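**Q** Here's my sequence, what's the structure:
(4 chains)
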Amino acid sequence: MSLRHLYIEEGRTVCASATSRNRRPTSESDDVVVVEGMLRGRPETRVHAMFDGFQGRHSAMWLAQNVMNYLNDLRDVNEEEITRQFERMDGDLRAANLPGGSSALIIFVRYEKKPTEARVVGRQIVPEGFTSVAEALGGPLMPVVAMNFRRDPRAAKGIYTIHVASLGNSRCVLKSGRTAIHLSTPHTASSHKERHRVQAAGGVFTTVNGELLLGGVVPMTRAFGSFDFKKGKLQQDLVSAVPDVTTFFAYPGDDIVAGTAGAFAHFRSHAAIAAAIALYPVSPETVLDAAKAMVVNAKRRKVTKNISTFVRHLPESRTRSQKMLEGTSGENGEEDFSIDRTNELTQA
Amino acid sequence: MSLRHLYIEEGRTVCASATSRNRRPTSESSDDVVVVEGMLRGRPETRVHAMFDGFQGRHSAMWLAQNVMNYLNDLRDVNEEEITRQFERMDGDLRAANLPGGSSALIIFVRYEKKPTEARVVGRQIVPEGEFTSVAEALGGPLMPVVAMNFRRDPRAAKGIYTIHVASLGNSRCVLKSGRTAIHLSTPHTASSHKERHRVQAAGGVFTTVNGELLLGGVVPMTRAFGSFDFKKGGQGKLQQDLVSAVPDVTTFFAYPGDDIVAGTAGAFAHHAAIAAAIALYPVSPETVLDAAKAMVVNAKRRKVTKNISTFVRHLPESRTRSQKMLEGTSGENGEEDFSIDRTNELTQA
Amino acid sequence: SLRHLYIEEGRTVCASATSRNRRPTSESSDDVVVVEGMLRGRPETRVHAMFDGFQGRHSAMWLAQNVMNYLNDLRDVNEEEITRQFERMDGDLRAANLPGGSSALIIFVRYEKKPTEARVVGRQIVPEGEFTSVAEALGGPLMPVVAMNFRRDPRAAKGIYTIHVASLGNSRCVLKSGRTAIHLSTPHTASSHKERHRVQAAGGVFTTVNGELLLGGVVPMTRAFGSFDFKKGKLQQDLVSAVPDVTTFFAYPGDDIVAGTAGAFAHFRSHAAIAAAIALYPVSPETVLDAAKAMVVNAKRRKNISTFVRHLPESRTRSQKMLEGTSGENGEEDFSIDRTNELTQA
Amino acid sequence: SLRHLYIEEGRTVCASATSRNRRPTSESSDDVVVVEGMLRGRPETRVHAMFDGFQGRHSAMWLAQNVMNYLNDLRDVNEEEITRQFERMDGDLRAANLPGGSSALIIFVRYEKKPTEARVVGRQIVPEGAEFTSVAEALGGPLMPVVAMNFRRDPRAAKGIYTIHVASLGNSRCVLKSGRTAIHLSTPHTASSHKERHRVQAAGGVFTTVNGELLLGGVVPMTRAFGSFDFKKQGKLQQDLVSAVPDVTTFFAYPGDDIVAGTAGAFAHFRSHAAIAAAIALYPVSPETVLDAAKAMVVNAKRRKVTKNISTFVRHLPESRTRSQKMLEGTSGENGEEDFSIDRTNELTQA
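**A** Residues are numbered from 1 along each chain as shown, chains lettered A, B, ... in the order given. Here you go, the structure:
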């Protein structure tokens, strides 16, 4: 419910912006969130990442702790470069020798004052000679349209390109108008594709104390830890660390809402998740309230599996204001710096 | 009274330690700010603690606390001249920002010295090389001889010692608590000093009774401080000498593991044997430091004091530590550090 | 030959006192060598390695001065674990973008004061768990795999030296035993049908270029660090592989290990002639330096040369000694159960 | 001059990387020299040492490779602390059972951007706790007064000064160059020293001529050294005839100044100790002609008659720091260049 204490980490953010590199995380001191990070690369991009770790919170903590040092090595923000760093991160994790176990979600957000066409399916961008996230979950198949933003009115004030890198079950939704849409697909034992990929490589699933586990240990078919299920004695990776990259464009006024599996558990239908996200308000001055709400009523339906939420309202223009607040009742981080108003929240 | 809410800032401290430099001021959000602890690039075994009691506004004070570490990094070494060189620099720039002048300052340099060198000493205070008078003598106390100390032949210095440098400029106080003995670390720059009183008046200054209180120029409740430029060697009255000095009083002292540094704004007092007695009798300890600080604020309010209250307390450990911890909470405004050879704590209440 | 030399002496005495050292030797060219490195916690192990740079030595220098941190992270010194680290070094090489790439040869020598039993074919050990011997791979005859018990075998009385060879490229490693010599590694280039079929099968295409068969008409190796332009970095498959060819052999005291860059073994070119020459070169525990240097001068057979020779001692030790000198640049190690030497062409 | 030299560059980068190092030069033959070293926890403070051994290199060689061990034990760099370590060393050396024989000269050089003040006798810094005499007057020079020097209000070196500590024990010499000026930093421990000859002779020891010149007890070439235990407090010598208590002096130098040192052989043939100062005064106030500077001293001492062995050292106190690192051990004869940050030193030996 209502909050009672807060501090102003503000000064910390001011010095960061000025140096061109920063990474603000928020762990509750199993999941760890990096509310917002900045790459030495592009001053126009902001990374937001989530790490839900199984069996420990050690691998997730490691992940969120070194990620910006790896992403800082991308030479361009695209699928293969993203995927390169991922396998590189997994590799070093195995060298960190920690009790394996962690999913991952990295959201890349870039603002383009003057965007130029690209090939699009609905709101998603097709990069190369493809199936939509929408076609994945139900959703009717559909036609790619050559989209020219140059002459698009809604792109009058620029647009926000979004790269979503997901390995696991953390979810990401784009909210726009009175509609909501998934930006990534869960890598669970639910999906028939993943389930089939695993079993077709010689992987066996088994119900263990109430839920499906790969080899009776991994609660995912795709994740960062569990090297006991990656090659090395297996011939193939049963649990993949290959981040499947997704790209979406967004207009000013839309919002990015993301969270760990916990934040989205207990919804009769995956359709009901979008309907519930498309229902909530979440205005610029209520981003945080929104982030916190998500946790609050996520505990009303009952699951205290870990819970982490994140909200970001996309701005019409830049604000030279700056503000970063941390508060408590679960932990809440608010960041209001130059073209983003964001916040995450996590209960115990 | 009792604490209700508190947040754990451990991540922020873990990161700072890794960077080799940090600041962290406790601010009540009225007139004072506290740099509970900060690191200097280079100085690995040194910590810093500062206190700023704002006069007619929190402006100058907040300015000082915001830049204090920016000047301390330009120290080639922690000296009396080197620190006084920085004071001038700060006071100089404070005027550049021309805010409503007004701020007392109490800065504490503490370094861990495993195997310190010999030094001429007047019971705990260290006499500089190359004309000495001690905080003790000054506060009109029995005057002792300077005696050469050999830490090689001293069992109390077996597990190292902490060297303390204090730069006082104002009425803030710093005491050293060693078992059931307690000692002052500086002289409050007030009209109660016959040394300060002489200086101001000789330079032409005029103290005068205003609203029951005696103020320099009937404005400044101190003979030393940052800002208050109408009495500095500033310009309009083309004063030929600082009536109010920005020249800090720097003193050195050594402590043993187990000792506690006790510090607070002039408001934390309204007793000086009393001050000493009280501190010498308080139950400071590793897992009590925070309480120790809170109690000090409580004790004074209880002692019916209306001025600003800010208290700081650090318990000097025997062995260096490995864990880390930082909490910020409310009942008043508290923040505590638990890193390495450091166990810090501070408090403030409007 | 021999005009001036130092005593990095103390330098090697304390690094030895910490269980971790990594002294390299480079020209003052393109290749660089870690004449000897020690990994933390493996007192009876020693690493030697050399890196041949292709198109600018920036990439090889990286590797030689980073290789140890990586090795210090391997759980056990075996095929899987070693390849494990190659995959990683390759990756961190990318993020530190340098042109070209490098060939690599790493040698791990471990002293077994008390051998046991291992399945071998000649001096080569077959890993516990389809073996193709190096000798057979080079043109030598197929030989039965046979169980060997070092337990009471006299040759192994004073103990044995187990050797792991990680090879990526065309650098060569050989074991000299008396007037005989065998190969511990084998290059994997385009001249290899098998290696060639790997590339083509993955969609890579070789094409002759100015008298030279090049992968994609750019790189000359099929395995090396770098050349990411042909790495999986649409390249959905690695064309140039960083995955090393690892092999194990065992040596008895008295025999020597001899390694060198492609330049060192350039114009003999009869897998057999290279071996004969080495078999024929005399090497006492007092001439390793002469050796290493000789190998470089003998290269004055119309040619970038770098050599490494090491004489495995019968005894447990003698003491500290590390000399560096010039005519060509040389580095010389002498501690515990080790007598090392390295040399390079200016 | 130089025919074959060689870059030890990388070693000094790694060494500077970590906090300490010590680079002795030796060979070509009883003396050893620590061209440069860095006590841990002590930036902008470098060391330079020289060990000239009598009939045997073992006593010198133990010192040159064990001194930085003791030096890192100094709780501060001053007389009391420097003298105490000499004690331990001479003590531990006795247990090494080496063929006694070696003089010593140690130079500590610290730079302070902002010097404060000291009581000074024309360049020499008088220590706190005053009957001060020392170098200049002791070498029979014009008496100069003790002044209260305030570096804070001194024009020269508004960019700092270099504090020099010399721990001399034996017949080696160390001089400070400044412009066209030459100045001694130590007094040799020989029979020529009225004080030394006096101390020894009042202690019971006797000088007597053996094969040419006179030696303490008929064996020692100097009155102070590290070995020669037969003359250290079995006769109940309750007084050290051959002391191992060094003569510690302190001086400051302005940037642009140079420090020059050498074994007794380097300065071997001069009609006077003034002749030496004169000569060294001729030498290039080396901006970076340092290496040749040292070299010349070798050749020249070889130009005058060479008797014992010869070793030289030169350091130039730069106006500014530097990021360029370079170390070159080379052989025209044996020599090594040292260039790093505020440092620029040169080593040299032959025999």
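
**Q** check contacts around the residue of the stretch 101-250 of chain A found nearest chain B.
**A** Of all residues in the stretch 101-250 of chain A, residue A:102 sits closest to chain B, with a separation of 18.2 Å (CB to the nearest CB). All C-beta atoms are positioned from the backbone trio N, CA, C, and that covers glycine. Applying CB atoms under 8 Å, 6 or more residues apart in numbering or on different chains to residue A:102 gives the contacts A:51-54, A:59-60, A:63, A:223-225.

**Q** all strands of the stretch 201-348 of chain A, in order?
**A** A:205-207, A:212-214, A:244-250, A:255-259, A:309-313, A:323-328, A:331-336, A:341-346 (DSSP state E, counting those that start in this stretch).

**Q** Need those in CSV (columns: mean neighbour count).
**A** Output for the strands of the stretch 201-348 of chain A, formatted as CSV (neighbours: other CB atoms under 10 Å in any protein chain shown):
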stretch, mean neighbour count
strand A:205-207, 12
strand A:212-214, 20
strand A:244-250, 21
strand A:255-259, 27
strand A:309-313, 28
strand A:323-328, 19
strand A:331-336, 23
strand A:341-346, 28
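
**Q** Take those strands and write them to a markdown table, including distance to residue A:77.
**A** What follows is the strands of the stretch 201-348 of chain A, written out as a markdown table (distance: least, CB to CB, whole Å):
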| stretch | distance to residue A:77 |
| --- | --- |
| strand A:205-207 | 34 |
| strand A:212-214 | 30 |
| strand A:244-250 | 10 |
| strand A:255-259 | 16 |
| strand A:309-313 | 17 |
| strand A:323-328 | 24 |
| strand A:331-336 | 20 |
| strand A:341-346 | 18 |
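
**Q** wait, which of those strands is closest to residue A:231?
**A** strand A:212-214 (14.5 Å; CB to CB).

**Q** Next, count neighbours for the nearest residue to residue A:154 once chain neighbours are set aside.
**A** In space, and not counting its chain neighbours, residue A:154 is closest to residue A:251: 5.3 Å by CB to CB, 6 or more residues apart in numbering or on different chains. Per other CB atoms under 10 Å in any protein chain shown, the neighbour tally for residue A:251 reads 18.

**Q** is it true that residue A:251 touches residue A:153?
**A** No - judged on CB atoms under 8 Å, residue A:251 makes no contact with residue A:153 at a distance of 10.3 Å.

**Q** So for chain A, the centremost residue is which one?
**A** Centroid-nearest residue in chain A: residue A:105, 3.6 Å away (criterion: CA atoms, centre = their mean).

**Q** Make sure that residue is indeed in a helix.
**A** No - counting by DSSP: H, G, I helix; E, B strand; the rest coil, residue A:105 falls outside a helix, being strand.

**Q** and the nearest residue to residue A:221 once chain neighbours are set aside, helix, strand or coil?
**A** Spatial nearest neighbour of residue A:221, excluding adjacent residues (CB to CB, 6+ apart): residue A:194 at 4.0 Å. At residue A:194 the chain is in helix, as set by three-state DSSP.

**Q** What about residue A:194, how many residues nearby?
**A** Quick note: residue A:194 (other CB under 10 Å) scores 21 neighbours.

**Q** contacting residues for it?
**A** Counting by CB under 8 Å, 6+ apart, residue A:194 has contacts A:187-188, A:221-222.

**Q** Tell me who's in contact with the residue of the stretch 51-200 of chain A found nearest chain B.
**A** When scored by CB to the nearest CB, the stretch 51-200 of chain A has residue A:65 as its residue closest to chain B, at 9.8 Å. Shown in contact with residue A:65 (CB under 8 Å, 6+ apart): residue A:25.

**Q** ok, which residues in chain A are in contact with chain B?
**A** Where proximity means CB under 8 Å from any CB of the partner chain, the interface of chain A facing chain B comprises A:4-7, A:9, A:12, A:25, A:27, A:29, A:326-328.

**Q** and which of the residues you listed is nearest residue A:77?
**A** Residue A:77 lies nearest to residue A:25 out of the residues of chain A next to chain B, by CB to CB, at 20.5 Å.

**Q** if I pick the nearest residue to residue A:199 once chain neighbours are set aside, what's in contact with it?
**A** Leaving aside its chain neighbours, residue A:199 sits nearest to residue A:205 (7.1 Å; criterion: CB to CB, 6+ apart). Residue A:205 makes contacts with A:189, A:195, A:198-199, A:212-215, as judged by CB under 8 Å, 6+ apart.

**Q** and which of those is nearest chain C?
**A** residue A:215 (19.5 Å).

**Q** pretty sure that closest one contacts residue A:201?
**A** No - the criterion here is CB under 8 Å, and residue A:215 misses it with residue A:201 at 11.8 Å.

**Q** and the spatially closest residue to residue A:138 that is not a sequence neighbour, how many neighbours does it have?
**A** Leaving aside its chain neighbours, residue A:138 sits nearest to residue A:271 (7.5 Å; criterion: CB to CB, 6+ apart). Per other CB under 10 Å, the neighbour tally for residue A:271 reads 11.

**Q** just the helices in chain A please.
**A** With DSSP state H applied, chain A shows helices at A:10-17, A:58-71, A:79-96, A:133-136, A:192-199, A:270-277, A:287-296, listed in chain order.

**Q** Just the buried residues of the first one, please?
**A** When burial is assessed from 16 or more other CB atoms under 10 Å in any protein chain shown, helix A:10-17 yields the following buried residues: A:10, A:13, A:16.

**Q** Give me the angle between it and helix B:10-19.
**A** 50 degrees (axes from the mean of the first three to the mean of the last three CA atoms, to 10 degrees).

**Q** quick one on the thing from earlier: could you single out the nearest of the contacts of residue A:102 to chain D?
**A** Nearest to chain D among the contacts of residue A:102: residue A:63, at 30.4 Å, using CB to the nearest CB.

**Q** ok, what's across the strand from residue A:326?
**A** Beta bridges link residue A:326 to residue A:7, residue A:333, judged by DSSP bridges.

**Q** Contacts only, for it.
**A** Residues near residue A:326 by CB under 8 Å, 6+ apart: A:6-7, A:9, A:26, A:332-334, B:7.

**Q** Neighbours of residue A:148, how many?
**A** Counted with other CB under 10 Å, residue A:148 comes out at 12.

**Q** Would you agree it is in contact with residue A:119?
**A** No - under the criterion of CB under 8 Å, residue A:148 makes no contact with residue A:119, lying 10.6 Å away.

**Q** Chain D contacts on the stretch 201-348 of chain A?
**A** Counting by CB under 8 Å from any CB, no residue of the stretch 201-348 of chain A is near chain D.

**Q** So which bits of the stretch 201-348 of chain A are right by chain C?
**A** Going by CB under 8 Å from any CB, the residues of the stretch 201-348 of chain A near chain C are A:232-233.

**Q** please redo it, this time with the cut-off set to 7 Å
**A** Proximity of the stretch 201-348 of chain A to chain C, by CB under 7 Å from any CB of the partner chain, involves residues residue A:232.
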